[PDB]
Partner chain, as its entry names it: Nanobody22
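So this first bit is one chain, no partners, the form deposited without its partner chain, shown in C-alpha cells.
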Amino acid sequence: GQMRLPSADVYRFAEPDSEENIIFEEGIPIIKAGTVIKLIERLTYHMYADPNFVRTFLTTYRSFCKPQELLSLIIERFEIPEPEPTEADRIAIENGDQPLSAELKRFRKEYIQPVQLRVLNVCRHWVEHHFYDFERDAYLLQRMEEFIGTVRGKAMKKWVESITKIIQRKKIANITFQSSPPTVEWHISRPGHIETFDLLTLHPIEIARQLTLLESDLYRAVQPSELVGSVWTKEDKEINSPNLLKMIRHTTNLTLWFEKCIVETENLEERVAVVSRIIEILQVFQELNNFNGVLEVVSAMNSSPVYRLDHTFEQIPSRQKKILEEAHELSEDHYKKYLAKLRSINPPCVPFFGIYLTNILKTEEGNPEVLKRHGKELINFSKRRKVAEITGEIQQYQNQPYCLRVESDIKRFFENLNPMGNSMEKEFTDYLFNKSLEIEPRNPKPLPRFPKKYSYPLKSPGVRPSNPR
C-alpha cells in the first residue's frame, strides 16, 4: 500500500489533491493550476524530480508569491513529522526487544529524505541561478543562511555543507575550445591606428567578427529577471532591465550608424561602395549565425532614408541584392523563415531578441493570473510555464561561446559609436531623411552630382578569410 502521511492538521502538504486545489493538464503530470501549497508540494514531490518545474517555478514565482513567503513555505515543507511506532513496534518494545520500525524506516527513505533533498535542490537552484532575490533583500539571505546552516542529521550533510559554501561564494562573486580562433584580419587601418578606423578602412570580416563578439556578450548578459513581469516595458525599466536595454540600444545605434554612413556619402559611386560593404558585413554575420547583426543591416536598408535610394541599389551587383533579399525574407510572414533557421543552425548564434519580448509580453497580457474553480482562486501555472518556455529558449542560446579573438581597439571603436551625437531622435532621423532627399531628390527633380569624400581605395578586400602560416 501507499505510505501513510502526517495529519494535514500538523503538516499542510499532506492534504489530498482535489480540483479545489490542483488541476492537471490532459510520464509525470503537468500542472495547469493550483494553490501555492500544492505547487510547492509538487515542486518537491516524493515520487519524482522535476528539474524543469524547478526552473519554471523559480523563474516565475514572484508573480504569485513573495520571496520571503516562498522561503517560509519551503522551510515548512522541509519540517516533516515522523510517524509514531506501530502496533508491532509497541509489542516488541513491551518485550524488551528492538522494534523493526519497518513503516518508520520506509517513510524516512521514501518520503522524508526525497522531499528534504528536493527542498534543498530548490534552495541550491535559487542561490545559484536566481541570486538576485538575495542581492535585493539582505534579510532574505540571512534567513536562507540560517536555515541551511542549521539543518541537522547525516543524510543531508553533504548538500548542506555544499550549499553553505555556494552561498558564501555567490556573496563575493574561463573558456576552452575545440580549435584556435582565426587570425584577426586587417585592411586599410592597421593595428593601433584607431584614429583611421571607419566602415571602409577596417576589414569587413573583422567588423563582422568584432560586432558579433560584442552582440553575443550583450545577448548573453540578459537575465530572466529583466523579462518576467514585462518589466522592460514599465516605468522602472532602466532599473529592472538594464542589460536588455543596453543590448537593444547597441542594435539601434549600429542600425543608425549604417544609415548615416550611407546617406552622408553624397557621391553616388562612393555610396554604392558603402552599401556594398555593408552587405558584405551582412554576409559574414550570416556565416556566423549572428541574426541580430543580420537584422541590424536589414533594418538599415529598409529604413525610410535608405530604402528610397533607387540609383544606389541599381548599381549593386545582382549577387549582393540576392543576399540582402534572402536576409530580408527571414523577417517576412512574422519571422517564419527566421524562426525555422534559428532552430536549424549549429550554435553559437546571436538570436534577435525582439520576438522573445513580444511573445513574453503577449503571454503575460493575454492570460489570467488566476483560474476560478469551485469558488477557489488557483494560480494559473500554465501561463507561467509558457513564459518560462521562452526564457528557457533564450538561456539555451546563451551557453555557447564564439571561438573568435577580441581586438580591443576595434571593440572599443564599436562600443563608443554614437551616430546621433547630442541630437534627439526626431531631429536626427529627420536629418537622415533630408540627406536622402538631397543626394537622390524625388522625381522629377534631377539627380545632382557630388564630389568624392574618401581619399583611400574603395575596393573591398572581400569576405573570404586569409590564412598565412
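Between two forms, the rigid core is defined as the largest C-alpha subset superposing within 1.5 Å. Residue numbers count along the first chain shown, from 1.
Not pictured, yet referred to below: the form deposited with its partner chain bound.
- This chain lacks the partner; the member of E266, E185, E103, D137 within 4.5 angstroms of its partner chain in the deposited bound form by a non-hydrogen atom is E266.
- A residue is said to contact a partner when one of its heavy atoms sits within 4.5 Å of a partner heavy atom; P457 fails this definition for its partner chain in the deposited bound form, lying far away.
- Mapping the unseen interface onto this chain, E407 falls outside it, with no heavy atom inside 4.5 Å of its partner chain in the deposited bound form.
- A residue is said to contact a partner when one of its heavy atoms sits within 4.5 Å of a partner heavy atom; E438 meets this definition for its partner chain in the deposited bound form.
- In the deposited bound form, at least one heavy atom of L447 sits within 4.5 Å of its partner chain.
- For the candidate spot formed by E427, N434 and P451, every residue has a non-hydrogen atom within 4.5 angstroms of its partner chain in the deposited bound form.
- For the listed set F107, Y219, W257, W232, the sole C-alpha moving 2 Å or more between this form and the one not shown on a rigid core superposition is that of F107.
- After superposition on the rigid core, the Cα atom of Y45 is displaced by 2 Å or more between this form and the one not shown.
- After superposition on the rigid core, the Cα of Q116 moves by 2 Å or more between this form and the one not shown.
- Once both forms are overlaid on the rigid core, the distance between the two CA positions of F352 between this form and the one not shown is under 2 angstroms.
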